[PDB]
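The block underneath contains the structure these notes are about, expressed in structure tokens.
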Amino acid sequence: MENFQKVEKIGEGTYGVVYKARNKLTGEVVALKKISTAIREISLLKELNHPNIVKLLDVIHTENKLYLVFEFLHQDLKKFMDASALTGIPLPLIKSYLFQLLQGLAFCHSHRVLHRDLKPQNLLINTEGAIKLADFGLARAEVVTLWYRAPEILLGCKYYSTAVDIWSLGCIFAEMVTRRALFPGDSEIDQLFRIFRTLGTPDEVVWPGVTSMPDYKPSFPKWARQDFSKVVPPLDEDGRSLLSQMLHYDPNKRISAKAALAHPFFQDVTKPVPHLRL
Ligand SMILES: O=C(Cc1ccc(-c2cccs2)cc1)Nc1cc(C2CC2)n[nH]1
């Protein structure tokens, strides 16, 4: 750590404090996260390189403290969505961001690496129009938000799949479009019942095996499903169809990142420049 000069505190992650810092040897500006199976799994993430994944530059284990050195980006999507609240993020920019994030997920999922905790706070943007996934793989190795958590996790599936990240990304896509969180639960049951009130209480018809899940209760109220036309206006039919597939209850039915990239919604995808004031 004597090789890094702290500039300022930029966040409070799940595991510890995040600083903006300067590398004295290279002149590099980085993000520094202060945190044996953990060392080995984190060392594997150093190799998981993609343009839509925030680069893990180094892992430093000293005085039984763990420091992760990451590429620095100047803003996150939560701040950008707050800044764009009055006007809304333009649809071509939403589409570009969703397309890039799906590329990032398709890459990590092809290497059997899950994120598990996608949220606007860990989606980072730059002036060029890029968006990148941060904290990839750290879940495997302040109240933690439940808003983007997949229903199978809430229902007690301990051996969940890459589909959990598609669910979280569908929640974020809906929030960019409507300028409001899709399912802002403030407890596990509030989170689950918000999902059920919008998508309908799941049953064996739409999700075979759901009633045998560890935290499933036959006493759950039975709510009818709502039309996406009511849930995400003014999203067009291509976007609503894609979102529905990203929010299928059965993780096996839920669209993969690779199949989502082929969706007709991306026929006219472009890479616009965002409006950023730093
Ligand atoms: O999290 C951000 C965005 C951000 C940037 C600056 C600031 C502040 C500036 C002044 C006060 S707070 C607050 C947030 N970036 C970032 C994080 C990471 C790695 C995952 C750690 N890499 N890059």
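Labels for the structure tokens follow display order: chains A, B, ..., residues from 1 in each chain, ligands from 1.
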Against segment 214-234 of chain A, which residues of segment 75-171 of chain A fall within 12 Å? For each one I want the closest pair of atoms and the distance in Å (one decimal), counting only C-alpha atoms, rows by chain and increasing residue number, as a Markdown table.
```
| residue | atom | partner | partner_atom | distance |
| --- | --- | --- | --- | --- |
| A:88 | CA | A:234 | CA | 11.6 |
| A:90 | CA | A:234 | CA | 11.9 |
| A:91 | CA | A:234 | CA | 10.0 |
| A:151 | CA | A:216 | CA | 10.4 |
| A:152 | CA | A:215 | CA | 9.5 |
| A:153 | CA | A:215 | CA | 9.5 |
| A:154 | CA | A:215 | CA | 7.6 |
| A:155 | CA | A:215 | CA | 4.7 |
| A:156 | CA | A:214 | CA | 5.2 |
| A:157 | CA | A:214 | CA | 7.0 |
| A:158 | CA | A:214 | CA | 9.3 |
| A:159 | CA | A:214 | CA | 11.9 |
| A:170 | CA | A:232 | CA | 11.3 |
| A:171 | CA | A:232 | CA | 10.7 |
```
Would you write out those residues with C-alpha atoms, as an mmCIF file, in the first residue's frame?
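That gives us result29.cif:
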```cif
data_model
loop_
_atom_site.group_PDB
_atom_site.id
_atom_site.type_symbol
_atom_site.label_atom_id
_atom_site.label_comp_id
_atom_site.auth_asym_id
_atom_site.auth_seq_id
_atom_site.Cartn_x
_atom_site.Cartn_y
_atom_site.Cartn_z
ATOM 1 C CA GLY A 88 -34.990 10.296 -18.530
ATOM 2 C CA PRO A 90 -32.564 8.612 -23.906
ATOM 3 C CA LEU A 91 -33.821 5.221 -25.234
ATOM 4 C CA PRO A 151 -37.036 -14.954 -6.996
ATOM 5 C CA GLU A 152 -35.198 -18.291 -6.788
ATOM 6 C CA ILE A 153 -32.696 -16.728 -4.318
ATOM 7 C CA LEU A 154 -35.574 -15.268 -2.263
ATOM 8 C CA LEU A 155 -37.267 -18.723 -2.264
ATOM 9 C CA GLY A 156 -34.125 -20.403 -0.883
ATOM 10 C CA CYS A 157 -32.409 -21.954 -3.914
ATOM 11 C CA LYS A 158 -28.805 -22.278 -2.788
ATOM 12 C CA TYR A 159 -27.512 -23.637 -6.175
ATOM 13 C CA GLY A 170 -34.016 -6.924 -16.397
ATOM 14 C CA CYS A 171 -34.893 -5.034 -13.186
#
```
Enumerate the residues of segment 64-133 of chain A with a DSSP assignment of strand (DSSP E or B), computed from the backbone, and present them as a list in words.
->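 Answer for segment 64-133 of chain A, restricted to strand (DSSP E or B): residues 65, 66, 67, 68, 69, 70, 71, 75, 76, 123, 124, 125, 131, 132 and 133 of chain A.
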For residue 238 of chain A, please output as a list in words all residues within 9 Å (counting only C-alpha atoms; exclusion window: fewer than 6 positions along the same chain).
->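 The filter keeps residues 263, 264, 265 and 266 of chain A.
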Could you save those same residues with C-alpha atoms as a PDB file, in the first residue's frame?
```
ATOM      1  CA  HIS A 263     -33.134 -10.209 -29.805  1.00  0.00           C
ATOM      2  CA  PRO A 264     -34.834  -7.934 -32.386  1.00  0.00           C
ATOM      3  CA  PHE A 265     -34.740  -5.091 -29.765  1.00  0.00           C
ATOM      4  CA  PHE A 266     -31.036  -4.659 -30.683  1.00  0.00           C
TER       5      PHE A 266
END
```
Which residues come within 8 Å of residue 94 of chain A, counting only C-alpha atoms, excluding same-chain residues fewer than 6 positions away, as number ranges by chain?
-> A: 173, 176-177
Within 9 Å of ligand 1, counting only C-alpha atoms and all ligand atoms: which residues, as a short mmCIF file (atom, residue, chain, number, x, y, z; two decimals) with N, CA and C atoms, in the first residue's frame?
```cif
data_model
loop_
_atom_site.label_atom_id
_atom_site.label_comp_id
_atom_site.auth_asym_id
_atom_site.auth_seq_id
_atom_site.Cartn_x
_atom_site.Cartn_y
_atom_site.Cartn_z
N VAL A 7 -6.65 9.60 -2.72
CA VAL A 7 -7.12 10.90 -3.20
C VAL A 7 -8.34 11.27 -2.38
N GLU A 8 -9.37 10.40 -2.40
CA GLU A 8 -10.60 10.54 -1.63
C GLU A 8 -11.39 9.23 -1.54
N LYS A 9 -12.31 9.17 -0.56
CA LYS A 9 -13.24 8.07 -0.33
C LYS A 9 -14.33 8.18 -1.36
N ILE A 10 -14.51 7.15 -2.19
CA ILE A 10 -15.52 7.23 -3.24
C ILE A 10 -16.73 6.35 -2.96
N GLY A 11 -16.64 5.47 -1.98
CA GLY A 11 -17.78 4.64 -1.66
C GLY A 11 -17.57 3.73 -0.48
N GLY A 13 -18.51 -0.03 -0.15
CA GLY A 13 -18.97 -1.26 -0.78
C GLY A 13 -19.60 -2.19 0.23
N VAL A 18 -14.09 2.02 -0.37
CA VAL A 18 -13.52 2.18 -1.72
C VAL A 18 -12.93 3.57 -1.82
N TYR A 19 -11.65 3.64 -2.21
CA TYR A 19 -10.97 4.90 -2.39
C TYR A 19 -10.54 5.13 -3.81
N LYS A 20 -10.53 6.38 -4.22
CA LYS A 20 -9.83 6.77 -5.44
C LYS A 20 -8.37 6.97 -5.01
N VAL A 30 -6.52 4.81 -9.80
CA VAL A 30 -7.21 3.54 -9.60
C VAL A 30 -8.29 3.66 -8.55
N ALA A 31 -9.12 2.61 -8.43
CA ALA A 31 -10.06 2.46 -7.32
C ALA A 31 -9.49 1.38 -6.42
N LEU A 32 -9.36 1.66 -5.14
CA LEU A 32 -8.77 0.70 -4.21
C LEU A 32 -9.81 0.25 -3.19
N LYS A 33 -10.18 -1.06 -3.19
CA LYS A 33 -11.20 -1.61 -2.29
C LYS A 33 -10.49 -2.33 -1.16
N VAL A 54 -15.09 -4.14 -15.30
CA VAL A 54 -14.10 -3.25 -14.69
C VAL A 54 -12.86 -4.08 -14.41
N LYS A 55 -11.69 -3.60 -14.91
CA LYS A 55 -10.48 -4.41 -14.82
C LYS A 55 -9.97 -4.54 -13.40
N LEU A 56 -9.70 -5.79 -12.98
CA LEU A 56 -9.07 -6.08 -11.70
C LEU A 56 -7.56 -6.04 -11.97
N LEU A 68 -8.07 -4.77 -3.18
CA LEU A 68 -8.30 -5.02 -4.60
C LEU A 68 -8.09 -3.72 -5.35
N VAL A 69 -7.23 -3.75 -6.35
CA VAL A 69 -6.90 -2.58 -7.16
C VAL A 69 -7.65 -2.71 -8.46
N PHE A 70 -8.55 -1.76 -8.74
CA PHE A 70 -9.37 -1.78 -9.94
C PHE A 70 -9.15 -0.59 -10.82
N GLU A 71 -9.50 -0.74 -12.10
CA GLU A 71 -9.60 0.39 -13.01
C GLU A 71 -10.61 1.40 -12.41
N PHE A 72 -10.34 2.71 -12.59
CA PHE A 72 -11.23 3.73 -12.09
C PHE A 72 -12.12 4.26 -13.21
N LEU A 73 -13.41 4.43 -12.92
CA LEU A 73 -14.37 5.08 -13.81
C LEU A 73 -15.02 6.21 -13.07
N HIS A 74 -15.36 7.29 -13.77
CA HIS A 74 -15.77 8.48 -13.06
C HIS A 74 -17.18 8.55 -12.51
N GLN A 75 -18.08 7.67 -12.95
CA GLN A 75 -19.44 7.71 -12.44
C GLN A 75 -20.03 6.32 -12.43
N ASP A 76 -21.11 6.16 -11.66
CA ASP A 76 -21.87 4.91 -11.65
C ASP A 76 -23.28 5.18 -12.20
N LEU A 77 -23.96 4.09 -12.59
CA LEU A 77 -25.29 4.26 -13.19
C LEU A 77 -26.33 4.77 -12.18
N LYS A 79 -25.94 7.10 -9.87
CA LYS A 79 -25.78 8.56 -9.88
C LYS A 79 -26.31 9.13 -11.20
N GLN A 121 -25.50 0.73 -8.72
CA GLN A 121 -24.30 1.16 -7.97
C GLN A 121 -23.04 0.47 -8.51
N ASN A 122 -23.15 -0.78 -9.01
CA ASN A 122 -21.92 -1.44 -9.47
C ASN A 122 -21.90 -1.57 -11.00
N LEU A 123 -22.55 -0.62 -11.68
CA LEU A 123 -22.45 -0.45 -13.12
C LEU A 123 -21.79 0.91 -13.35
N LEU A 124 -20.59 0.91 -13.97
CA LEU A 124 -19.78 2.14 -14.06
C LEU A 124 -19.70 2.62 -15.48
N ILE A 125 -19.77 3.95 -15.64
CA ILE A 125 -19.82 4.51 -16.99
C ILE A 125 -18.66 5.49 -17.23
N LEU A 133 -19.35 -3.70 -15.81
CA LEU A 133 -19.77 -4.42 -14.59
C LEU A 133 -18.65 -4.44 -13.58
N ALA A 134 -18.93 -3.96 -12.34
CA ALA A 134 -17.96 -3.96 -11.24
C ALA A 134 -18.33 -4.99 -10.21
N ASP A 135 -17.31 -5.50 -9.50
CA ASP A 135 -17.43 -6.48 -8.39
C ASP A 135 -17.84 -7.87 -8.89
N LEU A 278 -18.47 16.10 -14.76
CA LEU A 278 -17.62 15.53 -13.72
C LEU A 278 -16.92 16.58 -12.86
#
```
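Across the model, the gap from atom CA of residue 6 of chain A to atom CA of residue 21 of chain A is 4.3 Å.
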Give me, as JSON lines, the closest atom pair and its distance (Å, one decimal) for every residue of segment 123-186 of chain A within a cut-off of 8 Å of segment 97-107 of chain A, counting only C-alpha atoms, rows sorted by chain and rising number.
```
{"residue": "A:130", "atom": "CA", "partner": "A:97", "partner_atom": "CA", "distance": 7.4}
{"residue": "A:131", "atom": "CA", "partner": "A:97", "partner_atom": "CA", "distance": 6.1}
{"residue": "A:132", "atom": "CA", "partner": "A:101", "partner_atom": "CA", "distance": 6.8}
{"residue": "A:133", "atom": "CA", "partner": "A:101", "partner_atom": "CA", "distance": 7.0}
{"residue": "A:165", "atom": "CA", "partner": "A:105", "partner_atom": "CA", "distance": 7.7}
{"residue": "A:169", "atom": "CA", "partner": "A:98", "partner_atom": "CA", "distance": 7.9}
{"residue": "A:173", "atom": "CA", "partner": "A:98", "partner_atom": "CA", "distance": 6.8}
```
Give me a file of those residues, with N, CA, C and O atoms, as a PDB file, in the first residue's frame.
```
ATOM      1  N   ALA A 130     -19.205   3.866 -22.812  1.00  0.00           N
ATOM      2  CA  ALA A 130     -19.070   2.513 -22.272  1.00  0.00           C
ATOM      3  C   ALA A 130     -19.747   2.393 -20.937  1.00  0.00           C
ATOM      4  O   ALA A 130     -19.876   3.373 -20.188  1.00  0.00           O
ATOM      5  N   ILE A 131     -20.151   1.167 -20.616  1.00  0.00           N
ATOM      6  CA  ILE A 131     -20.682   0.813 -19.298  1.00  0.00           C
ATOM      7  C   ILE A 131     -20.033  -0.508 -18.932  1.00  0.00           C
ATOM      8  O   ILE A 131     -19.809  -1.348 -19.791  1.00  0.00           O
ATOM      9  N   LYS A 132     -19.655  -0.668 -17.660  1.00  0.00           N
ATOM     10  CA  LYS A 132     -18.902  -1.833 -17.228  1.00  0.00           C
ATOM     11  C   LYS A 132     -19.422  -2.385 -15.930  1.00  0.00           C
ATOM     12  O   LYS A 132     -19.880  -1.641 -15.053  1.00  0.00           O
ATOM     13  N   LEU A 133     -19.353  -3.700 -15.806  1.00  0.00           N
ATOM     14  CA  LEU A 133     -19.769  -4.419 -14.594  1.00  0.00           C
ATOM     15  C   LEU A 133     -18.655  -4.441 -13.580  1.00  0.00           C
ATOM     16  O   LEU A 133     -17.536  -4.842 -13.911  1.00  0.00           O
ATOM     17  N   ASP A 165     -28.375 -13.277 -12.788  1.00  0.00           N
ATOM     18  CA  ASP A 165     -27.858 -11.977 -13.287  1.00  0.00           C
ATOM     19  C   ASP A 165     -28.731 -11.384 -14.385  1.00  0.00           C
ATOM     20  O   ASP A 165     -28.873 -10.163 -14.464  1.00  0.00           O
ATOM     21  N   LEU A 169     -30.474  -7.716 -14.256  1.00  0.00           N
ATOM     22  CA  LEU A 169     -30.317  -6.772 -15.372  1.00  0.00           C
ATOM     23  C   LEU A 169     -31.695  -6.375 -15.940  1.00  0.00           C
ATOM     24  O   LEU A 169     -31.875  -5.203 -16.338  1.00  0.00           O
ATOM     25  N   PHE A 173     -32.956  -2.610 -16.378  1.00  0.00           N
ATOM     26  CA  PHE A 173     -33.483  -2.119 -17.670  1.00  0.00           C
ATOM     27  C   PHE A 173     -34.843  -1.416 -17.440  1.00  0.00           C
ATOM     28  O   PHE A 173     -35.030  -0.267 -17.863  1.00  0.00           O
TER      29      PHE A 173
END
```
